[PDB]
Amino acid sequence: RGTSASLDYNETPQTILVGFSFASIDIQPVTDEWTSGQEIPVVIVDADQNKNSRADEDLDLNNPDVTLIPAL
Amino acid sequence: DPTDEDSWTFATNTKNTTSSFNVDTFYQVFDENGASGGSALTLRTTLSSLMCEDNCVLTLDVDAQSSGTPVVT
Amino acid sequence: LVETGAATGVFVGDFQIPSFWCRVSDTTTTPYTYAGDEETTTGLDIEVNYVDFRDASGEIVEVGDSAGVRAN
Amino acid sequence: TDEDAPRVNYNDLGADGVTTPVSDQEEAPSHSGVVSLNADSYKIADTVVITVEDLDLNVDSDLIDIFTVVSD
């Protein structure tokens, strides 16, 4: 964390900074009470799991390179 | 090329300090489908005569702070 | 210490306060000599020291800030 | 500053036919740095954030400037 690299085209260099992101998890109940037999969303926001800006990524148990998975 | 997909290859290591080495630019060392597509031929000393104004050169520094752990591969 | 912008002139770093730490017995030797027992950080002040190689006149000066670690 | 300010000189052939230089200078001051800590009291496992406001530490306008801790 905090270290960087430098890439240059057209005599204008740009830093490639390495950093971590704070995560946020929140269960979102559709109405006032969560009752039996109702699906409600669970949303996680962590930029550290977005390892590709040109692809949509899944938190698969079976992949060792997904470092964290939510659990109940 | 106005009809094809243009491929360029760069030697970008700005800390290779070997006397013989220079940052350089090469044209069509590969295809747009990742085939050979020909040999690599120097362009570094001719870029001035081909209307290049500081815009034909790519350089990279993998470890900027020299911390011992390289950031980019 | 990471500069906020390309030419902002403001550097920011961060870390997390530990529960225990190991005191330096003697600073006059290299390497330092460390104590034999860990100590809690609670009830001790924390300080940061910066040394300006060039102040407003171009002379060396050291500046600092302090704060208190607490417990409940 | 003053007589020691960096100055650029340009030798010139004037419209009267005599060679008369033209020049400009600009001062390059140094800045007094401050260091601060975001809170006056911390608790165990609290994030502590350190900032240094020294303009003289910016050495490149294109790249982010980084300073790292020594382990030797």
# chains A, B, ... in the order shown; residues from 1 in each chain; ligands from 1
call {"tool": "closest_atom_pairs", "arguments": {"of": "chain B", "to": "chain D", "cutoff": "12 Å", "atoms": "only C-alpha atoms", "output": "Markdown table"}}
result
| residue | atom | partner | partner_atom | distance |
| --- | --- | --- | --- | --- |
| B:61 | CA | D:63 | CA | 11.9 |
| B:63 | CA | D:66 | CA | 11.8 |
| B:64 | CA | D:66 | CA | 9.0 |
| B:65 | CA | D:66 | CA | 7.1 |
| B:66 | CA | D:68 | CA | 9.8 |
| B:67 | CA | D:68 | CA | 7.9 |
| B:68 | CA | D:71 | CA | 11.3 |
call {"tool": "closest_atom_pairs", "arguments": {"of": "chain C", "to": "chain A", "cutoff": "12 Å", "atoms": "only C-alpha atoms", "output": "Markdown table"}}
result
| residue | atom | partner | partner_atom | distance |
| --- | --- | --- | --- | --- |
| C:1 | CA | A:2 | CA | 7.6 |
| C:2 | CA | A:2 | CA | 6.6 |
| C:3 | CA | A:2 | CA | 10.0 |
| C:4 | CA | A:17 | CA | 11.3 |
| C:5 | CA | A:15 | CA | 10.5 |
| C:6 | CA | A:15 | CA | 8.8 |
| C:11 | CA | A:2 | CA | 11.4 |
| C:12 | CA | A:2 | CA | 10.2 |
| C:13 | CA | A:2 | CA | 8.7 |
| C:14 | CA | A:2 | CA | 10.2 |
| C:15 | CA | A:1 | CA | 11.3 |
call {"tool": "write_last_selection", "arguments": {"atoms": "N, CA and C atoms", "output": "short mmCIF file (atom, residue, chain, number, x, y, z; two decimals), in the first residue's frame"}}
result
data_model
loop_
_atom_site.label_atom_id
_atom_site.label_comp_id
_atom_site.auth_asym_id
_atom_site.auth_seq_id
_atom_site.Cartn_x
_atom_site.Cartn_y
_atom_site.Cartn_z
N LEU C 1 4.02 8.26 3.44
CA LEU C 1 3.52 9.61 3.17
C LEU C 1 3.27 9.76 1.67
N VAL C 2 2.01 10.03 1.31
CA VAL C 2 1.56 10.12 -0.10
C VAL C 2 1.02 11.52 -0.36
N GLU C 3 1.51 12.15 -1.42
CA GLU C 3 1.02 13.48 -1.82
C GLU C 3 -0.41 13.34 -2.34
N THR C 4 -1.30 14.21 -1.88
CA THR C 4 -2.74 14.18 -2.22
C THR C 4 -2.93 14.37 -3.73
N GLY C 5 -2.21 15.32 -4.34
CA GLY C 5 -2.27 15.58 -5.79
C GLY C 5 -0.91 15.48 -6.45
N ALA C 6 -0.81 15.82 -7.72
CA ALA C 6 0.46 15.72 -8.47
C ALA C 6 1.41 16.81 -7.98
N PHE C 11 0.97 15.96 2.06
CA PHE C 11 1.29 14.53 2.20
C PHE C 11 0.47 13.95 3.34
N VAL C 12 -0.08 12.77 3.15
CA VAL C 12 -0.99 12.16 4.16
C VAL C 12 -0.57 10.72 4.34
N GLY C 13 -0.50 10.27 5.58
CA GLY C 13 -0.34 8.84 5.88
C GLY C 13 -1.24 8.40 7.00
N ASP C 14 -1.46 7.10 7.14
CA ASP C 14 -2.32 6.61 8.25
C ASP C 14 -1.91 5.23 8.72
N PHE C 15 -2.31 4.91 9.94
CA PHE C 15 -2.06 3.59 10.55
C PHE C 15 -2.99 3.43 11.74
#
call {"tool": "atom_distance", "arguments": {"atom1": "CA of residue 55 (chain D)", "atom2": "CA of residue 29 (chain D)"}}
result
10.1 Å
call {"tool": "atom_distance", "arguments": {"atom1": "CA of residue 49 (chain A)", "atom2": "CA of residue 69 (chain B)"}}
result
21.9 Å
call {"tool": "residues_around", "arguments": {"residues": "residue 52 (chain C)", "least_positions_apart": "2", "cutoff": "7 Å", "atoms": "only C-alpha atoms", "output": "ChimeraX atom specification"}}
result
/C:50,54-55,60-62 /D:33
call {"tool": "write_last_selection", "arguments": {"atoms": "N, CA and C atoms", "output": "PDB file, in the first residue's frame"}}
result
ATOM      1  N   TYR C  50       8.427  16.103  12.590  1.00  0.00           N
ATOM      2  CA  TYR C  50       8.857  16.361  11.203  1.00  0.00           C
ATOM      3  C   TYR C  50      10.076  17.275  11.230  1.00  0.00           C
ATOM      4  N   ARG C  54      14.531  22.796   5.094  1.00  0.00           N
ATOM      5  CA  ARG C  54      14.500  24.201   4.630  1.00  0.00           C
ATOM      6  C   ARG C  54      13.244  24.879   5.146  1.00  0.00           C
ATOM      7  N   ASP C  55      13.381  25.735   6.157  1.00  0.00           N
ATOM      8  CA  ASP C  55      12.259  26.541   6.703  1.00  0.00           C
ATOM      9  C   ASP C  55      12.137  27.813   5.853  1.00  0.00           C
ATOM     10  N   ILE C  60      17.577  24.495   9.173  1.00  0.00           N
ATOM     11  CA  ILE C  60      16.957  23.221   9.641  1.00  0.00           C
ATOM     12  C   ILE C  60      16.219  23.493  10.953  1.00  0.00           C
ATOM     13  N   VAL C  61      14.983  23.031  11.068  1.00  0.00           N
ATOM     14  CA  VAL C  61      14.167  23.160  12.306  1.00  0.00           C
ATOM     15  C   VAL C  61      13.338  21.896  12.422  1.00  0.00           C
ATOM     16  N   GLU C  62      12.921  21.510  13.614  1.00  0.00           N
ATOM     17  CA  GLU C  62      12.034  20.336  13.791  1.00  0.00           C
ATOM     18  C   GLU C  62      10.717  20.816  14.387  1.00  0.00           C
TER      19      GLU C  62
ATOM     20  N   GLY D  33       7.244  24.186   7.165  1.00  0.00           N
ATOM     21  CA  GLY D  33       6.362  23.019   7.123  1.00  0.00           C
ATOM     22  C   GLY D  33       5.574  22.926   8.388  1.00  0.00           C
TER      23      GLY D  33
END
call {"tool": "closest_atom_pairs", "arguments": {"of": "chain D", "to": "chain A", "cutoff": "7 Å", "atoms": "only C-alpha atoms", "output": "Markdown table"}}
result
| residue | atom | partner | partner_atom | distance |
| --- | --- | --- | --- | --- |
| D:62 | CA | A:13 | CA | 5.9 |
| D:63 | CA | A:15 | CA | 5.7 |
| D:64 | CA | A:15 | CA | 6.4 |
call {"tool": "atom_distance", "arguments": {"atom1": "CA of residue 41 (chain D)", "atom2": "CA of residue 18 (chain C)"}}
result
14.4 Å
call {"tool": "interface_residues", "arguments": {"of": "chain D", "to": "chain C", "cutoff": "9 Å", "atoms": "only C-alpha atoms", "output": "PDB file with C-alpha atoms, in the first residue's frame"}}
result
ATOM      1  CA  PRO D  29      11.372  30.918  -1.690  1.00  0.00           C
ATOM      2  CA  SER D  30      11.415  28.052   0.830  1.00  0.00           C
ATOM      3  CA  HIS D  31       8.338  27.217   3.014  1.00  0.00           C
ATOM      4  CA  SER D  32       7.926  26.454   6.763  1.00  0.00           C
ATOM      5  CA  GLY D  33       6.362  23.019   7.123  1.00  0.00           C
ATOM      6  CA  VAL D  34       3.647  22.096   9.562  1.00  0.00           C
ATOM      7  CA  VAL D  35       2.697  18.610  10.756  1.00  0.00           C
ATOM      8  CA  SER D  36      -0.640  17.814  12.379  1.00  0.00           C
ATOM      9  CA  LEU D  37      -2.623  14.892  13.805  1.00  0.00           C
ATOM     10  CA  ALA D  39      -7.621  14.073  16.549  1.00  0.00           C
ATOM     11  CA  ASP D  40      -6.571  15.250  20.045  1.00  0.00           C
ATOM     12  CA  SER D  41      -7.452  11.867  21.670  1.00  0.00           C
ATOM     13  CA  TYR D  42      -7.296   8.332  20.190  1.00  0.00           C
ATOM     14  CA  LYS D  43      -8.547   4.981  21.551  1.00  0.00           C
ATOM     15  CA  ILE D  44      -7.100   1.508  20.881  1.00  0.00           C
ATOM     16  CA  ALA D  45      -7.507   0.355  17.219  1.00  0.00           C
ATOM     17  CA  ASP D  46      -8.453   3.894  16.052  1.00  0.00           C
ATOM     18  CA  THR D  47      -7.234   5.101  12.650  1.00  0.00           C
ATOM     19  CA  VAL D  48      -4.673   7.888  13.129  1.00  0.00           C
ATOM     20  CA  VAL D  49      -3.989  10.104  10.107  1.00  0.00           C
ATOM     21  CA  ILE D  50      -0.843  12.230   9.738  1.00  0.00           C
ATOM     22  CA  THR D  51      -0.574  15.187   7.323  1.00  0.00           C
ATOM     23  CA  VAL D  52       2.496  17.341   6.450  1.00  0.00           C
ATOM     24  CA  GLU D  53       1.947  20.711   4.722  1.00  0.00           C
ATOM     25  CA  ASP D  54       5.402  21.511   3.269  1.00  0.00           C
ATOM     26  CA  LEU D  55       5.302  22.943  -0.309  1.00  0.00           C
ATOM     27  CA  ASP D  56       9.097  22.370  -0.689  1.00  0.00           C
ATOM     28  CA  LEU D  57       8.557  18.542  -0.619  1.00  0.00           C
ATOM     29  CA  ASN D  58       6.898  18.591  -4.085  1.00  0.00           C
ATOM     30  CA  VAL D  59       9.827  17.696  -6.429  1.00  0.00           C
ATOM     31  CA  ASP D  60       7.748  16.778  -9.555  1.00  0.00           C
ATOM     32  CA  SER D  61       4.559  18.411 -10.925  1.00  0.00           C
ATOM     33  CA  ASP D  62       3.528  15.387 -13.094  1.00  0.00           C
ATOM     34  CA  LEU D  63       3.936  12.530 -10.543  1.00  0.00           C
ATOM     35  CA  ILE D  64       2.613  11.907  -6.963  1.00  0.00           C
ATOM     36  CA  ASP D  65       5.502  12.302  -4.449  1.00  0.00           C
ATOM     37  CA  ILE D  66       5.911   9.405  -1.900  1.00  0.00           C
ATOM     38  CA  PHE D  67       8.135   8.947   1.215  1.00  0.00           C
ATOM     39  CA  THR D  68       8.523   5.481   2.848  1.00  0.00           C
ATOM     40  CA  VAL D  69       9.712   4.047   6.192  1.00  0.00           C
ATOM     41  CA  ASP D  72      17.572  -1.589   8.125  1.00  0.00           C
TER      42      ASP D  72
END
call {"tool": "select_by_dssp", "arguments": {"residues": "region 31-65 of chain B", "states": "strand (DSSP E or B)", "output": "count of residues only"}}
result
4
call {"tool": "decode", "arguments": {"residues": "region 35-59 of chain B", "atoms": "C-alpha atoms", "output": "PDB file, in the first residue's frame"}}
result
ATOM      1  CA  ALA B  35       0.782 -13.617 -34.614  1.00  0.00           C
ATOM      2  CA  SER B  36       4.441 -12.885 -35.611  1.00  0.00           C
ATOM      3  CA  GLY B  37       3.678 -10.365 -38.432  1.00  0.00           C
ATOM      4  CA  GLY B  38       7.413  -9.607 -39.066  1.00  0.00           C
ATOM      5  CA  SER B  39      10.780  -8.618 -37.491  1.00  0.00           C
ATOM      6  CA  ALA B  40      11.591  -5.742 -35.079  1.00  0.00           C
ATOM      7  CA  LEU B  41      13.365  -2.762 -36.672  1.00  0.00           C
ATOM      8  CA  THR B  42      14.779   0.261 -34.840  1.00  0.00           C
ATOM      9  CA  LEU B  43      12.976   3.610 -35.092  1.00  0.00           C
ATOM     10  CA  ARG B  44      14.627   5.601 -32.228  1.00  0.00           C
ATOM     11  CA  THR B  45      17.080   7.765 -34.284  1.00  0.00           C
ATOM     12  CA  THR B  46      14.578   8.413 -37.140  1.00  0.00           C
ATOM     13  CA  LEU B  47      11.580   9.655 -35.055  1.00  0.00           C
ATOM     14  CA  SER B  48      12.867  13.282 -35.345  1.00  0.00           C
ATOM     15  CA  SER B  49      12.643  13.096 -39.200  1.00  0.00           C
ATOM     16  CA  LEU B  50       9.112  11.481 -39.146  1.00  0.00           C
ATOM     17  CA  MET B  51       7.455  14.586 -37.564  1.00  0.00           C
ATOM     18  CA  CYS B  52       7.469  13.077 -34.007  1.00  0.00           C
ATOM     19  CA  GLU B  53       7.243  15.912 -31.422  1.00  0.00           C
ATOM     20  CA  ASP B  54       7.614  14.171 -27.980  1.00  0.00           C
ATOM     21  CA  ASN B  55       4.738  11.762 -28.954  1.00  0.00           C
ATOM     22  CA  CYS B  56       6.114   8.397 -30.272  1.00  0.00           C
ATOM     23  CA  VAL B  57       7.799   6.960 -27.126  1.00  0.00           C
ATOM     24  CA  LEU B  58       6.530   4.856 -24.194  1.00  0.00           C
ATOM     25  CA  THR B  59       8.560   4.489 -20.962  1.00  0.00           C
TER      26      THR B  59
END
